[PDB]
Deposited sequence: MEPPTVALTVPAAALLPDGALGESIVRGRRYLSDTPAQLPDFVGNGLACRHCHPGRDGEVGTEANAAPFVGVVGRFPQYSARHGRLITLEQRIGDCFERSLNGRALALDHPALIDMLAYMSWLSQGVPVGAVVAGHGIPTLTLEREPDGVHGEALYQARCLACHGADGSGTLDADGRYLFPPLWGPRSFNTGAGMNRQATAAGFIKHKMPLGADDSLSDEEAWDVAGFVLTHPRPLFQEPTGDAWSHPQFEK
């Protein structure tokens, strides 16, 4: 593997590419507001792909975009064939954002690609970046949603809400995003999978493996949009 490095925003190039990258960052950070025709819920890409200092997709073990462009095209079992990064992003819009895929030459899609390529600068094509993806967490027992509920009330509720509906900021963006219900990810999303949610929760928080497993279980007992 190669190390995860975040390029310096002050070294962004003048011109069309620099401008595109800046637009791309905003599409990823503010998706429902910027692309209402394509987003069906309250989630922005950054809600599962966080980054510090205004960037998106720069956190190890929270599916960073650093180095993602050199890993496509790649096989998808879902599609039964090779897919491009453009297509992967489309699946995210359809599942995680409960919406509609952007046309494969849509300027907003190309701006997102430009941003991801910027984050990937210096990464050799084919190389795997340390911290890529969301590492699954699987336990050898059923998740205990009763324990999970207690854990949720103690550790999660103050941000994500008694009803999982999250907390809106002053401008109507989710400060704390919804975990279930009609504004959350739909059943087709990767986050709807127990081991992926447990893994995400484990790495993005102070929780033991058993606690992340049980609280993920509790979260995923709830309704959400059907895909």
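- Residues of the deposited sequence that lack C-alpha coordinates fall in the stretches 1-4, 210-215, 238-252.
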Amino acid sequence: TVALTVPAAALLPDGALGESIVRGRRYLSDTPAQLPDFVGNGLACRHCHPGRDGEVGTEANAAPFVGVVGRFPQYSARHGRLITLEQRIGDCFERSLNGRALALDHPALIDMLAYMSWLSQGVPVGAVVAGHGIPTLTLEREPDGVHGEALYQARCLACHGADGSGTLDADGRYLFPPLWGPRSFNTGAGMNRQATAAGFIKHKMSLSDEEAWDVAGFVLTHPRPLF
From here on, numbers count along this sequence of modelled residues.
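- According to the PDB record, 34-42 carries the higher mean C-alpha B-factor of the two stretches 34-42 and 172-180.
- The stretch with the higher mean CA B factor, choosing between 74-82 and 87-95, is 74-82.
- Between the residues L157, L139, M112, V129, it is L139 that shows the highest Cα B-factor in the PDB record.
- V123: CA B factor in the lowest third of modelled residues in this chain (values from the PDB entry).
- Compared with the other modelled residues of the chain, the Cα B-factor recorded for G54 ranks in the highest third.
- Among the modelled residues of its chain, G18 has a C-alpha B-factor that falls in the middle third according to the deposited record.
- Among the modelled residues of its chain, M205 has a C-alpha B-factor that falls in the highest third, as given in the PDB entry.
- Sorting the modelled residues of the chain by their CA temperature factor places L28 in the lowest third.
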